[PDB]
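From first to last, the protein sequence lines stand for chains A and B. Residues in the first sequence are numbered consecutively from 1, following the working numbering. Residues in the second sequence are numbered consecutively from 259, following the working numbering. Don't be surprised by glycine CBs; every beta carbon is placed ideally from N, CA and C. One structure is given here, and the rest of the page talks about it.
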Amino acid sequence: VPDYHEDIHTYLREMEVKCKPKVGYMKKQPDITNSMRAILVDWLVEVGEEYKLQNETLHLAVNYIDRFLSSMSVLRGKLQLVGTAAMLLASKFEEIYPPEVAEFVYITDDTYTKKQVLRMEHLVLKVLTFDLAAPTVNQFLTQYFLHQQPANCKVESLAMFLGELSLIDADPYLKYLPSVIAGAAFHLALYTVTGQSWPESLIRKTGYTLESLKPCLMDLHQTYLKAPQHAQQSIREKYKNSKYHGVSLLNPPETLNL
Amino acid sequence: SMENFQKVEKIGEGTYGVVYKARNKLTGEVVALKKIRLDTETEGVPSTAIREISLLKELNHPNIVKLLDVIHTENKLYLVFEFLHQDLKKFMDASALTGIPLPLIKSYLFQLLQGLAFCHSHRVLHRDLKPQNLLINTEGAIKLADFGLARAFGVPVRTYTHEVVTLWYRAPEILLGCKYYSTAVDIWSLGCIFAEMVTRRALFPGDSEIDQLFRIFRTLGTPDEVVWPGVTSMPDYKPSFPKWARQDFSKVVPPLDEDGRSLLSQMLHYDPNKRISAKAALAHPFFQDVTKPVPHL
Ligand SMILES: Nc1nc(OCC2CCCCC2)c2nc[nH]c2n1
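Have a look at this one:
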């Protein structure tokens, strides 16, 4: 119904390509790795839950961290300071009531000072040149959900769970744009919950067919199937809640017949 | 960091910080500098500056003010903007006995809608449209400025800050407590400005929230279920509201032709789902002969 929704999706299709992190930055960091990043992200999911932050704020904070790490080498010991300043900035952009800085110092377990967090806030803003308005998988997903008549709330929670699982693993998801991940997640949740398939109105809206989503969907199907074995588990724990209709208790499809 | 700027005058306080007129001592450029004192033990960069800088960098458009630089000291934050001849407020007070000619009015309005539709198509709500935040140059352009209360909205929207829009320009869905609001609130603010240009005074110079509502009810009729399904169930709607009849627009805005009255009525519909969008408003017959006169300054 919403006026501007098509213009906005077209504009988001153009900004996700400009706001995208550099795909092999991790091979050039000298001290941090993909498994450290994964742990930071899993910690930010719990911080988001403790403070009742929107999921969008989580998705933004990750976008900021990956861009910051695209051009700044960071030691493993300051990696939480990057993360904390990013969640702080994503909260200020996106939340009606952002937790205050002392709240953020505190959840660091006092690892850092307020003065460090505020100076890391200024450096992140300088490296990202204040470009905080980025497109995230959450934003694509909430637009695609406008096409699934009547809305199915389990489909919606499960697509969000899968799109949040993609934030943990830079390898392979830093390869795909948010709109394509959102596409693969929506197909896989719809499929798992009702057996229905990426809709023809989404095909006309995005230009994406089931064949162009394939590469991303094979990865995400494997991520979903192996979720139980992954070292990071706060996402699965978050999505068992009734607010998310317990979708992380559902069984993944063993195959997708593609 | 500010050594190359010379202070010319203090212009005023806007959404946040202090705004000054200043000049670049090397190039001569006259700019507007918005100063924000930060400290440190406090909160870092406030959310209004983060939004205003980030969103104005996504808004390059002839009717939107230019942000030229950001100088982020340890102590203070300066936003450096192009300087225009003046704001629409001093111009409206810099026409109150004579009145801004109609062609100028229509030109400014057509421009403010092209600016606003650009904002909305880039998912930005302004949320503080009023004459002091609109800047005109000496060639006939007008621009949206002061994005300190702006925000990026989502598709579909969620709940946003309730304390938004300066009270005279504030739409009835915020005044009545609707959980959600979206692009329609900016359009309501522009219909209030269009009418103020034409008749020479604020349309709804409410003092308080209840005063602002009852001023909109007396001119436009107390909304009921025929014009706005669900108004009678809104959070702050009261069945004991007085029931006023709607006024003819030949009395609300006498100088307007009927193309003007119809577009002003489409911008002030009560139901945000019936209020005209900025983009649909650009196709209105009122603008069929729009031209671009030069203000008299
Ligand atoms: N001429 C002018 N005035 C401004 O601010 C108006 C005042 C009005 C009252 C509130 C503070 C700002 C500007 N901002 C950017 N360019 C500007 N140019």
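Since A/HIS221 and A/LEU190 are thought to touch, with beta carbons under 8 Å apart, how far apart are those beta carbons, to the nearest angstrom? Actually they are not in contact, since the Cβ atoms of A/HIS221 and A/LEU190 sit about 13 Å apart, beyond 8 Å.
Cβ closer than 7 Å: which chain A residues qualify as neighbours of B/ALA410? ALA133
Quick check on B/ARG428 - is its C-beta less than 8 Å from some C-beta in chain A? no
Reference B/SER508; option with closest CA among B/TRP502, B/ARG519 and B/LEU335: B/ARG519
Exposure label - A/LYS114; buried when at least 16 CB within 10 Å: buried
Collapsed DSSP secondary structure at B/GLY270 in the structure displayed: strand
With DSSP run on the structure shown, which of helix, strand or coil describes B/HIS330? strand
Inspect the CB distances between the stretch 416–427 of chain B and the stretch 439–456 of chain B and report whether three or more fall short of 8 Å. yes
Helix, strand or coil at A/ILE235 according to DSSP, with G and I counted as helix: helix
Segments of 4+ residues assigned as alpha helix (DSSP H) that fall wholly inside the stretch 274–320 of chain B: 305–315
Check: B/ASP351 C-beta below 7 Å from any heavy atom of ligand 1: no
What I want to know is whether the C-beta of B/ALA280 ends up closer than 7 Å to one or more non-hydrogen atoms of ligand 1. no
How many Å lie between A/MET15 and B/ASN318 at the Cα? 14 Å
Quick check on the burial criterion: 16 or more other C-beta atoms within 10 angstroms. Buried or exposed for B/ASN531? exposed
Work out the CA separation of B/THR396 and B/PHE368 for me, nearest whole Å. 17 Å
Applying the criterion that 16 or more other CB atoms from any shown protein chain within 10 Å of the CB defines a buried residue, is A/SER73 buried or exposed? exposed
Report the residues of the stretch 331–344 of chain B with a CB closer than 7 Å to any CB of chain A, ordered along the chain. none
Between B/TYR528, B/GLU299 and B/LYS292, which lies nearest to B/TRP486 when the distance is taken from Cα to Cα? B/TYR528
Determine, using beta carbons only, whether residue 243 of chain B comes closer than 8 Å to chain A. This structure cannot speak to residue 243 of chain B, because chain B is shown only from 259 to 555.
Buried or exposed for B/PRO513, please, with buried defined as at least 16 other CB atoms from any protein chain shown within 10 angstroms of its CB. exposed
What residue from B/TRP502, B/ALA541 and B/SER498 has the CA that sits closest to B/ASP517's CA? B/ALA541
According to a CB-to-CB cut-off of less than 7 Å, which residues of the stretch 93–116 of chain A neighbour chain B? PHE93, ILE96, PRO98, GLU100, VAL101, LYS114 and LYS115
By a C-beta neighbour count over all protein chains shown, 10 Å radius and 16 as the cutoff for buried, is B/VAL303 buried or exposed? buried
Any Cβ of chain B within less than 8 Å of the Cβ of A/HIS59? no
Is the shortest distance between the beta-carbon of B/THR298 and the beta-carbons of chain A less than 8 Å? yes
Let me check one thing: in DSSP terms, what residues is B/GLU340 bridge-paired to? B/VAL289
I want to check one thing, is the minimum distance from the CB of B/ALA399 to the heavy atoms of ligand 1 below 7 Å? no
Can at least three beta-carbon pairs, one atom from the stretch 311–326 of chain B and one from the stretch 368–383 of chain B, be found at a separation below 8 Å? yes
Just to confirm, does B/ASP345 get its C-beta within under 7 Å of one of the non-hydrogen atoms of ligand 1? yes
Alpha carbon to alpha carbon, what distance is there between B/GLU431 and B/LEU362? 30 Å
I need the straight-line Cα distance from B/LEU325 to A/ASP66, nearest angstrom please. 26 Å
Is B/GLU310 close to ligand 1? I mean its beta-carbon at under 7 Å from any heavy atom of the ligand. no
Are the CB atoms of A/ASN138 and A/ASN55 within a distance shorter than 8 Å? yes
Residues near B/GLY272 by beta carbon distance below 6 Å, same chain, minus five either side: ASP404
Determine whether the Cβ of B/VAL303 lies closer than 8 Å to any Cβ atom of chain A. yes
With a threshold of 7 Å (Cβ to nearest heavy atom), would B/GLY406 be considered close to ligand 1? no
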